[PDB]
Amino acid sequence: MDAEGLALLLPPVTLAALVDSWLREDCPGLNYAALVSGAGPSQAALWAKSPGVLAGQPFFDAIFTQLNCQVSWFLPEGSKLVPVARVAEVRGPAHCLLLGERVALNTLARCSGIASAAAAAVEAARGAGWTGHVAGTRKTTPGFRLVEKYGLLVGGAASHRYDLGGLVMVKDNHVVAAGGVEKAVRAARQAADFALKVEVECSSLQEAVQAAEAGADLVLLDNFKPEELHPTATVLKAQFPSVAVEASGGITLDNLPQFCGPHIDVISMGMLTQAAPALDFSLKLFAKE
């Protein structure tokens, strides 16, 4: 995509409600440190001290806008961060900058760190000649989904489904509960009348074929070794060429290339959200003359 146009995804109602809560979480009562700085007009520089990808400007902006501060970016959303970079400047009343400071920073650090891993992982795949979509999961922080999924998009990963209402994903537990894969997929297909796709976690070739026969649009190959994964995917694409194939389970940055192959459409990774460290940013006030 283009990372600058991604911001248009964020609906501005649910956005400001997020921002409000984040501020309240941090300053529920009186802001005593306000008195230290006073409210004089001020400027601070946003320092990027970690390599990766910048993401999260829409969140960073919104937070400060709520506090009557203005942000000037010196890079675009999505651009590569080359450490000790001065990536932006923030102007407003001192106390307002310093109240927004930590929250904006945390939001930007986390969003960026996710985008960073996603870009790293996308590269590694491109590098192995893979043409598919590296994806995320629902293994997001609670109440932080919007920021994390958006982060994955800025990094060039696909978001995967956002909600639980958005694609019907039959998993091991759904199959156990429904008493077998055929039964499960039949129900799943009925519930997704014509508007929603069905995906089915399958731990074996058999489970997959059963799923694919039953009319699954996607078959997720969960926890296969690579040497098992590709022959299994080959059989599937051969027999059901219109069915998409996702590999997930245990997949990391280091090993990702082994999971890439001509018959895998999607690779999903817990790690992009669950084990992607936050980038180091600071926001420092500089004096005017």
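We number the residues from 1 along the sequence you see.
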Practice task
Identify the stretch, either 178-186 or 92-100, whose C-alpha atoms have the larger mean B-factor according to the entry.
Solution key: 178-186
Handout entry: Segment of higher mean CA temperature factor, 19-27 or 6-14
Key = 6-14
Problem - Top Cα B factor in the deposited entry, candidates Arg126, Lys171, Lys139, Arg145 - result: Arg126
Completion exercise
Among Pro58, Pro241, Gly38, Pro51, the highest C-alpha B-factor in the PDB entry belongs to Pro241
Exercise for the section: Would you please rank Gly215 by its C-alpha temperature factor against the other modelled residues of its chain and give the third it falls in: lowest, middle or highest? Expected result: highest
Completion exercise
Tertile call for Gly78 (CA temperature factor, within chain, third-based) is the middle
Problem - Chain-wide C-alpha B factor ranking for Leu167, given as lowest, middle or highest third - result: highest
Fill in the blank from the handout: Chain-relative C-alpha B factor for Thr131 (record values, thirds): the highest
Fill in the blank from the handout: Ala275: C-alpha B-factor third of its chain, per the entry, is the highest
